[PDB]
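Q: The structure file run14.tsv (TSV, C-alpha atoms) is provided below.
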```tsv
chain	number	residue	atom	x	y	z
A	70	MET	CA	17.08	-60.92	42.38
A	71	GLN	CA	16.88	-58.03	39.94
A	72	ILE	CA	18.61	-60.28	37.44
A	73	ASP	CA	15.64	-62.59	37.77
A	74	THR	CA	13.37	-59.72	36.80
A	75	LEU	CA	15.80	-59.08	33.97
A	76	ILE	CA	15.28	-62.71	33.02
A	77	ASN	CA	11.58	-61.90	32.76
A	78	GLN	CA	12.45	-58.90	30.61
A	79	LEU	CA	14.51	-60.86	28.08
A	80	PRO	CA	13.07	-60.44	24.56
A	81	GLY	CA	11.61	-63.48	22.81
A	82	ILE	CA	10.09	-64.99	25.94
A	83	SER	CA	8.26	-67.38	23.60
A	84	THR	CA	11.77	-68.61	22.76
A	85	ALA	CA	10.72	-69.75	19.30
A	86	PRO	CA	13.19	-68.27	16.77
A	87	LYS	CA	11.98	-70.71	14.10
A	88	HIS	CA	8.55	-69.12	14.44
A	89	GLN	CA	10.05	-65.64	14.75
A	90	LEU	CA	11.65	-65.98	11.34
A	91	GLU	CA	8.25	-67.00	10.00
A	92	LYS	CA	6.88	-63.86	11.60
A	93	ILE	CA	9.53	-62.06	9.60
A	94	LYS	CA	8.24	-63.93	6.54
A	95	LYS	CA	4.83	-62.41	7.18
A	96	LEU	CA	6.64	-59.11	7.63
A	97	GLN	CA	8.06	-59.51	4.14
A	98	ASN	CA	4.60	-60.45	2.92
A	99	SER	CA	3.43	-57.10	4.23
A	100	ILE	CA	6.33	-54.68	3.83
A	101	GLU	CA	7.69	-55.85	0.49
A	102	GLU	CA	4.23	-55.67	-1.07
A	103	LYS	CA	3.81	-52.23	0.48
A	104	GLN	CA	7.03	-50.98	-1.10
A	105	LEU	CA	5.84	-51.05	-4.70
A	106	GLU	CA	2.71	-49.14	-3.78
A	107	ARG	CA	4.47	-46.56	-1.64
A	108	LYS	CA	7.01	-46.00	-4.42
A	109	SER	CA	4.26	-45.87	-7.03
A	110	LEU	CA	2.66	-43.04	-5.07
A	111	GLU	CA	5.27	-40.39	-5.89
A	112	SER	CA	5.09	-41.39	-9.54
A	113	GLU	CA	1.33	-40.99	-9.39
A	114	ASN	CA	1.84	-37.66	-7.66
A	115	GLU	CA	4.68	-35.29	-8.43
A	116	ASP	CA	4.83	-36.32	-12.07
A	117	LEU	CA	1.54	-34.52	-12.61
A	118	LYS	CA	1.85	-32.10	-9.70
A	119	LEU	CA	4.84	-30.43	-11.34
A	120	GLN	CA	2.91	-29.77	-14.52
A	121	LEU	CA	-0.17	-28.63	-12.65
A	122	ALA	CA	2.05	-26.29	-10.68
A	123	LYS	CA	3.26	-25.03	-14.06
A	124	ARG	CA	-0.38	-24.49	-14.95
A	125	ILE	CA	-0.48	-22.32	-11.85
A	126	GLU	CA	2.71	-20.71	-13.12
A	127	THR	CA	1.00	-19.58	-16.30
A	128	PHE	CA	-1.75	-17.73	-14.45
A	129	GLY	CA	0.85	-16.35	-12.09
A	130	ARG	CA	2.72	-14.93	-15.06
A	131	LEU	CA	-0.38	-13.52	-16.68
A	132	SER	CA	-1.21	-11.79	-13.42
A	133	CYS	CA	1.84	-9.63	-14.13
A	134	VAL	CA	0.19	-8.24	-17.26
A	135	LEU	CA	-2.55	-6.84	-15.08
A	136	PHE	CA	0.14	-5.78	-12.63
A	137	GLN	CA	1.79	-3.70	-15.34
A	138	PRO	CA	-0.82	-2.54	-17.89
B	47	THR	CA	-15.32	24.55	6.06
B	48	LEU	CA	-15.90	28.02	7.51
B	49	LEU	CA	-13.96	29.50	4.60
B	50	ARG	CA	-16.62	28.09	2.29
B	51	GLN	CA	-20.04	29.17	3.52
B	52	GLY	CA	-18.59	32.08	5.46
B	53	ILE	CA	-18.18	33.74	2.09
B	54	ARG	CA	-21.78	32.73	1.35
B	55	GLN	CA	-23.07	34.50	4.44
B	56	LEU	CA	-20.90	37.58	3.97
B	57	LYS	CA	-22.02	37.75	0.34
B	58	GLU	CA	-25.66	38.70	0.99
B	59	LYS	CA	-24.81	41.23	3.69
B	60	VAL	CA	-24.15	44.08	1.25
B	61	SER	CA	-26.98	46.61	1.41
B	62	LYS	CA	-27.94	50.19	0.46
B	63	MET	CA	-26.24	52.22	-2.28
B	64	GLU	CA	-25.20	54.55	0.54
B	65	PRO	CA	-21.68	54.06	2.01
B	66	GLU	CA	-23.15	52.46	5.15
B	67	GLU	CA	-21.95	49.12	3.76
B	68	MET	CA	-18.72	49.47	5.73
B	69	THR	CA	-20.71	49.19	8.95
B	70	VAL	CA	-21.55	45.71	7.73
B	71	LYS	CA	-18.16	45.02	6.18
B	72	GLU	CA	-16.35	45.70	9.45
B	73	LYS	CA	-18.20	42.65	10.73
B	74	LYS	CA	-17.03	40.87	7.58
B	75	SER	CA	-13.38	41.84	7.56
B	76	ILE	CA	-12.76	40.59	11.08
B	77	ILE	CA	-14.00	37.19	9.98
B	78	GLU	CA	-11.73	37.57	6.99
B	79	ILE	CA	-8.94	38.32	9.42
B	80	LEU	CA	-9.85	35.06	11.08
B	81	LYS	CA	-9.96	33.59	7.60
B	82	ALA	CA	-6.39	34.77	7.09
B	83	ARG	CA	-5.55	32.54	10.01
B	84	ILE	CA	-8.17	29.89	9.23
B	85	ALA	CA	-6.39	29.56	5.91
B	86	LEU	CA	-3.25	28.82	7.92
B	87	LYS	CA	-5.07	25.76	9.27
B	88	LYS	CA	-5.46	24.67	5.67
B	89	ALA	CA	-1.84	25.14	4.64
B	90	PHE	CA	-1.66	21.85	2.75
B	91	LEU	CA	-1.36	20.65	-0.83
B	92	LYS	CA	-1.18	16.94	-1.64
B	93	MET	CA	-2.88	16.41	-4.98
B	94	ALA	CA	-2.98	19.45	-7.21
B	95	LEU	CA	-6.58	19.30	-8.38
B	96	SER	CA	-8.24	18.32	-11.60
B	97	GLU	CA	-7.38	16.67	-13.74
B	98	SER	CA	-4.88	14.76	-11.62
B	99	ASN	CA	-7.59	13.57	-9.28
B	100	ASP	CA	-9.54	12.46	-12.32
B	101	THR	CA	-6.44	10.58	-13.42
B	102	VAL	CA	-6.46	8.89	-10.04
B	103	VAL	CA	-10.08	7.84	-10.33
B	104	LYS	CA	-9.43	6.56	-13.85
B	105	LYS	CA	-6.34	4.81	-12.51
B	106	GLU	CA	-8.58	2.84	-10.19
B	107	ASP	CA	-11.01	2.46	-13.09
B	108	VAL	CA	-8.40	0.38	-14.85
B	109	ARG	CA	-7.20	-1.02	-11.54
B	110	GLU	CA	-10.71	-2.24	-10.72
B	111	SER	CA	-10.99	-3.96	-14.11
B	112	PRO	CA	-8.93	-7.07	-13.20
B	113	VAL	CA	-11.31	-7.72	-10.31
B	114	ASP	CA	-13.77	-8.96	-12.93
B	115	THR	CA	-11.16	-11.27	-14.46
B	116	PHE	CA	-9.06	-13.55	-12.27
B	117	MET	CA	-11.72	-13.46	-9.56
B	118	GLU	CA	-14.10	-14.76	-12.19
B	119	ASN	CA	-11.55	-17.51	-12.79
B	120	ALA	CA	-11.81	-18.29	-9.08
B	121	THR	CA	-15.47	-19.03	-9.82
```
Written as structure tokens, how would this file's structure read?
A:
Amino acid sequence: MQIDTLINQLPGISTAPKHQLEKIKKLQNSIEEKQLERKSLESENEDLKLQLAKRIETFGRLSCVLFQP
Amino acid sequence: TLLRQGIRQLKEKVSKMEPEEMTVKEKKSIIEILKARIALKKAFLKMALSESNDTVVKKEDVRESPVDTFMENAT
């Protein structure tokens, strides 16, 4: 009887794999388009963030002059 | 403390050209005896004096200078 409940629990109750693959098509339509953006982010980020951190580095170095007058 | 103005109060107590001054000074010397021990309370020497203290104040005088630099950059 539990098996019957297990029958209820079986994934893809809609039993429409042909539609499921289409769902996966929509998933590509989402994910794959997301990928270029999400990858573009780091390029839009760290590429400048390094240099800006270096700009912090300059002031950090010049602090030492005051530290040792 | 007491070593300071105690001298100030003992200082005016001298009176009469006559050798009666001791009658006053006996009151003084006992305090001075206490001073000999009060001085023991002040048996310390960190900084020398001037000009080393002045060098300290000047040391801050340079050390306070940056405060009107990078902090200004913060603004």
Q: Please provide the set of residues having any atom within 12 Å of residue B:77, restricted to all atoms listed in the file, with same-chain residues fewer than 3 positions apart removed, written as a list in words.
A: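 Skipping anything fewer than 3 positions along the chain leaves residues 48, 49, 51, 52, 53, 55, 56, 70, 71, 72, 73, 74, 80, 81, 82, 83, 84 and 85 of chain B.
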Q: Record the distance separating atom CA of residue B:108 and atom CA of residue A:135, expressed in Å with one decimal.
A: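 Interatomic distance here is 9.3 Å.
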Q: Could you please select, counting only C-alpha atoms, the residues of chain B within 12 Å of chain A and state them as a list in words?
A: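 Output check: residues 105, 108, 109, 110, 111, 112, 113, 114, 115, 116, 117, 119 and 120 of chain B.
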Q: Save the residues we just selected, C-alpha atoms, as a PDB file, in the frame of the given file?
A:
```pdb
ATOM      1  CA  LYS B 105      -6.340   4.810 -12.510  1.00  0.00           C
ATOM      2  CA  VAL B 108      -8.400   0.380 -14.850  1.00  0.00           C
ATOM      3  CA  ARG B 109      -7.200  -1.020 -11.540  1.00  0.00           C
ATOM      4  CA  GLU B 110     -10.710  -2.240 -10.720  1.00  0.00           C
ATOM      5  CA  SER B 111     -10.990  -3.960 -14.110  1.00  0.00           C
ATOM      6  CA  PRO B 112      -8.930  -7.070 -13.200  1.00  0.00           C
ATOM      7  CA  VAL B 113     -11.310  -7.720 -10.310  1.00  0.00           C
ATOM      8  CA  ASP B 114     -13.770  -8.960 -12.930  1.00  0.00           C
ATOM      9  CA  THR B 115     -11.160 -11.270 -14.460  1.00  0.00           C
ATOM     10  CA  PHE B 116      -9.060 -13.550 -12.270  1.00  0.00           C
ATOM     11  CA  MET B 117     -11.720 -13.460  -9.560  1.00  0.00           C
ATOM     12  CA  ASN B 119     -11.550 -17.510 -12.790  1.00  0.00           C
ATOM     13  CA  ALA B 120     -11.810 -18.290  -9.080  1.00  0.00           C
TER      14      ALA B 120
END
```
Q: Report, in Å to a single decimal, how far apart atom CA of residue A:96 and atom CA of residue A:108 are.
A: 17.8 Å
Q: Please, what distance in Å, to one decimal, runs between atom CA of residue A:115 and atom CA of residue A:134?
A: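 We find that atom CA of residue A:115 and atom CA of residue A:134 lie 28.8 Å from each other.
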Q: Taking all atoms of stretch 99-116 of chain A that the file lists, what box with edges along x, y and z, padded by 6 Å per side, do you get, with centre and edge lengths in Å to one decimal, as lines of an AutoDock Vina configuration file?
A:
```
center_x = 4.5
center_y = -46.2
center_z = -3.9
size_x = 18.4
size_y = 33.8
size_z = 28.3
```
